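Participant: Got a structure for you, written out below as structure tokens; questions coming shortly.
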Amino acid sequence: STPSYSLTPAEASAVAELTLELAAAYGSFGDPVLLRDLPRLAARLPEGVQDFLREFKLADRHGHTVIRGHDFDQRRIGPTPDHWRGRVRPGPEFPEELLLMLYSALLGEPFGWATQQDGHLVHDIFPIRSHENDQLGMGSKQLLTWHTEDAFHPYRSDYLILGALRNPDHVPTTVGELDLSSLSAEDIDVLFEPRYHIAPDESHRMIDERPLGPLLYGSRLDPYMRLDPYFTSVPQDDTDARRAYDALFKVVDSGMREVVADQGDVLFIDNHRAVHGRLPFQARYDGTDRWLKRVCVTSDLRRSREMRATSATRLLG
Amino acid sequence: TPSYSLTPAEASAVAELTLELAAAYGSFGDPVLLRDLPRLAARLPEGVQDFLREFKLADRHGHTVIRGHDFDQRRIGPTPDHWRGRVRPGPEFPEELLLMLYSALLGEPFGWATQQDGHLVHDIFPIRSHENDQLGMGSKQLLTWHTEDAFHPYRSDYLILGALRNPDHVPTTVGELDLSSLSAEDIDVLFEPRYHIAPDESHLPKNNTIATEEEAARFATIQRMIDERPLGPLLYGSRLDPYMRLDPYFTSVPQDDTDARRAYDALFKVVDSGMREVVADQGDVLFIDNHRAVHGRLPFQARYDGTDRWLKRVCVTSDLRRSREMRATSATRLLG
Ligand SMILES: O=C(O)CCC(=O)C(=O)O
Ligand SMILES: O=C(O)CCC(=O)C(=O)O
Ligand SMILES: [Fe+3]
Ligand SMILES: [Fe+3]
Ligand SMILES: [Fe+3]
Ligand SMILES: [Fe+3]
């Protein structure tokens, strides 16, 4: 159903060794030299892994893929943290952050948001006690709402990379693609027109902030999507757009799949071909909870220049 | 302008790599070659990779050149009389592969379905029958400076020009934007949507003739530009170090917009007067940032005897997926 790649022990050992070597060689990501070297360093990954990801990227066909069987040394990585703030970067799991950064260079360029997790290029995803009953990344008890990442945003991620340091209770990530066959030729044409408002999140000078846009784009035979139901509205008078939006929602909602990122899995989500979400789970808060790392990938770093403080920064805002 | 000069050791390494890859791969008709390009480019000398990566990330200079490649003249052979009908791959396939590797370090090579048989690597040499045209296979006529496809939302992000030969040292003109010669008020105007940049009709089926529903959709966005004549900016990105898109021939400054006229003239003078002659000599590879520089080519006299100036050209996009609406399939790298 969805292509994936399973590392041999030899590949897993090569990758682990590489990330350890790299971690000892470079300070943190605060080293501009590491960010420079990223694509060259990523060419030291096993060739089969490079070829698989390049095929996924170019095939432009599936909403996600997974590289399975990485060796994520649990003792070295240590206990899942209580919070991301006040925590020292780099931590003992730096090799794994570096792994995801190497992967982000094979896909495009890593970038981040200056006001998010202190502007770290690699984000943490783990249950936080205080942020518990909020439906955000560091939450536990809720979600239920799949999304394109930053659907409102002109420079939103092209891909997301999620590396599962641990997932002992097999908590799924929801991911859903667009099945076009349940959708009429007329509704598709409407969804391609700029007839919808996608509002910004409460996360995030110039803003900017204004127009109305499409939900579907790219090829009409195999469309890309920007879908965030919670933040999306249709002017009341546009009954055709509302009709087509209703049909789109029903098709995407009913096709959502549960994708479990297990320990040693790296999940790649294509932000144009899939929406994703997370499901509620009871956290333990003992230091053994689900811990993912996350890196956002842009195909074209220069396109977001106007929202970046300098030419060199990869942080928007 | 920073440039990189290869040592004889680096040139030899680059040459040997391109000959090895030419031997291992069929042609560019192999989709496996296209998949492998960025990994193959990691086999280039490290100093070259570091240099281009710095150029790309610095986002500061509008061109750069890597000088001193070994382009074996006896192997490459005579400059062709036409691009049409040639046996592929040609004996110059290693130099074509070289540009392709460079293109993978900058982004993705792409082309245009109606240009040079859809080849990803273009030829630039004089064709007798084109002697009187203002185009790449011309000679006698000046090719006036331009951003490549200024009108086009999926225009090249970079251009790569490799000189297989240039015996008379014909310059490629290249010009950047000295921001310090423009008033803050002029800059503000250039950033505003006040200018019309007309689509070059050679990109479009000029025909308002419905050859399939599929084809019409591939050109609808450009057709909308022609139909609606949106006004757009000439400068964009950062106000302090802006990108620009400038093709004077296709640009219309609206008659009544006095301020836009004043701003444009000042911009045109700054760019025109800053133009430089960049000679891409044998074994040079010239890299043009299509957001930070305009380019063109000076008149010259062709001999049509197999000894003429011969460049190869690869256009680069930072985001192949952005142009999906204009490509026949997900897999194809050709717009139109
Ligand atoms: O925790 C997950 O599996 C996904 C969270 C998410 O939506 C995101 O990180 O964008
Ligand atoms: O021949 C040259 O040096 C440049 C011609 C040109 O304008 C181009 O290839 O885009
Ligand atoms: Fe998300
Ligand atoms: Fe966001
Ligand atoms: Fe040109
Ligand atoms: Fe053109």
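Ordering of the structure tokens sets the chain letters (A, B, ...); residue numbers start at 1 within each chain; ligands are numbered from 1 in the order shown.
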Can you tell me which residues surround stretch 63-67 of chain A at a distance of at most 7 Å, considering only C-alpha atoms, apart from same-chain residues fewer than 5 positions away, and format the answer as a CSV table (one decimal) with C-alpha atoms, in the first residue's frame?
Facilitator:
chain,number,residue,atom,x,y,z
A,2,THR,CA,2.7,2.6,0.9
A,3,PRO,CA,6.4,1.9,-0.1
A,4,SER,CA,8.9,1.8,2.8
A,5,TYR,CA,12.5,0.8,3.2
A,6,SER,CA,13.8,-1.5,6.0
A,177,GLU,CA,-4.2,11.3,1.1
A,265,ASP,CA,11.3,4.6,12.3
A,266,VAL,CA,11.7,7.8,10.3
A,267,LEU,CA,8.4,8.9,8.9
A,268,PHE,CA,8.5,11.3,5.9
A,269,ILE,CA,5.3,13.2,5.2
A,270,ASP,CA,4.8,15.0,2.0
A,273,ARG,CA,0.0,15.2,-0.9
A,274,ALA,CA,-1.1,14.3,2.7
Participant: Can you check which residues of chain B have any atom within 8 Å of chain A? Use only C-alpha atoms and format it as a list in words.
Facilitator: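 Listing them in order of chain and number gives residues 35, 36, 39, 42, 49, 50, 53, 54, 57, 58, 59, 236, 237, 238, 318, 319, 322, 323, 324, 325, 330 and 331 of chain B.
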Participant: Hey, which of A:77, A:102, A:136, A:283 ends up closest to residue A:46? Count only C-alpha atoms.
Facilitator: A:102
Participant: So how many Å separate atom CA of residue B:283 and atom CA of residue B:138, to one decimal?
Facilitator: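 Result for atom CA of residue B:283 versus atom CA of residue B:138: 21.7 Å, one decimal.
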Participant: How would you report the residues lying within 8 Å of ligand 4, as a list in words, if you count only C-alpha atoms and all ligand atoms?
Facilitator: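 Counting only C-alpha atoms and all ligand atoms, the residues within 8 Å of ligand 4 come out as residues 149, 150, 201, 203 and 204 of chain A.
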Participant: Give me, as a PDB file with C-alpha atoms, in the first residue's frame, the set of residues whose atoms come within 8 Å of any atom of ligand 1, counting only C-alpha atoms and all ligand atoms.
Facilitator:
ATOM      1  CA  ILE A 125       7.495  15.999  20.246  1.00  0.00           C
ATOM      2  CA  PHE A 126       6.770  14.511  23.697  1.00  0.00           C
ATOM      3  CA  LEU A 136      -0.710  21.080  20.345  1.00  0.00           C
ATOM      4  CA  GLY A 137       2.522  19.067  19.644  1.00  0.00           C
ATOM      5  CA  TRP A 146      -5.829  16.276  10.698  1.00  0.00           C
ATOM      6  CA  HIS A 147      -4.125  19.126   8.828  1.00  0.00           C
ATOM      7  CA  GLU A 149       1.049  21.857   8.152  1.00  0.00           C
ATOM      8  CA  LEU A 160       7.949  16.935   7.402  1.00  0.00           C
ATOM      9  CA  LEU A 162       9.386  12.615  12.064  1.00  0.00           C
ATOM     10  CA  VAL A 171       0.539   5.709  19.341  1.00  0.00           C
ATOM     11  CA  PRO A 172      -0.366   6.316  15.664  1.00  0.00           C
ATOM     12  CA  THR A 173       0.152   9.394  13.535  1.00  0.00           C
ATOM     13  CA  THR A 174      -2.816   9.882  11.352  1.00  0.00           C
ATOM     14  CA  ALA A 261       6.133   5.491  13.939  1.00  0.00           C
ATOM     15  CA  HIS A 276      -1.642  14.321   9.143  1.00  0.00           C
ATOM     16  CA  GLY A 277      -2.606  14.455  12.788  1.00  0.00           C
ATOM     17  CA  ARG A 278      -2.028  12.607  16.042  1.00  0.00           C
ATOM     18  CA  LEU A 279      -4.365  10.556  18.225  1.00  0.00           C
ATOM     19  CA  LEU A 292       9.656  12.041  18.324  1.00  0.00           C
ATOM     20  CA  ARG A 294      10.747  16.765  13.907  1.00  0.00           C
TER      21      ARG A 294
END
Participant: Give the residues close to ligand 6, within 12 Å, counting only C-alpha atoms and all ligand atoms; write them as a VMD selection string.
Facilitator: chain B and resid 111 to 115 135 to 136 146 to 156 198 to 204 247 250 315 335 to 336
Participant: Report as a PDB file with N, CA, C and O atoms, in the first residue's frame all protein, DNA and RNA residues lying within 6 Å of residue A:212, evaluated on only C-alpha atoms, omitting residues in the same chain fewer than 6 positions from it.
Facilitator:
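Result saved to out33.pdb:
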ATOM      1  N   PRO A 194      -9.559  30.425  -6.308  1.00  0.00           N
ATOM      2  CA  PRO A 194      -9.312  31.049  -5.021  1.00  0.00           C
ATOM      3  C   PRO A 194     -10.631  31.476  -4.405  1.00  0.00           C
ATOM      4  O   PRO A 194     -11.046  32.622  -4.567  1.00  0.00           O
ATOM      5  N   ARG A 195     -11.292  30.567  -3.708  1.00  0.00           N
ATOM      6  CA  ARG A 195     -12.641  30.862  -3.209  1.00  0.00           C
ATOM      7  C   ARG A 195     -12.794  30.612  -1.701  1.00  0.00           C
ATOM      8  O   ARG A 195     -13.911  30.655  -1.167  1.00  0.00           O
ATOM      9  N   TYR A 196     -11.658  30.392  -1.027  1.00  0.00           N
ATOM     10  CA  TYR A 196     -11.604  29.928   0.373  1.00  0.00           C
ATOM     11  C   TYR A 196     -10.670  30.783   1.204  1.00  0.00           C
ATOM     12  O   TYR A 196      -9.681  31.285   0.694  1.00  0.00           O
ATOM     13  N   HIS A 197     -11.002  30.951   2.482  1.00  0.00           N
ATOM     14  CA  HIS A 197     -10.127  31.655   3.420  1.00  0.00           C
ATOM     15  C   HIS A 197      -9.510  30.631   4.317  1.00  0.00           C
ATOM     16  O   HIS A 197     -10.220  29.829   4.934  1.00  0.00           O
TER      17      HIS A 197
END
Participant: Figure out the distance between atom CA of residue A:19 and atom CA of residue A:286, please, to one decimal in Å.
Facilitator: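 Computing it gives 27.4 Å between the two atoms.
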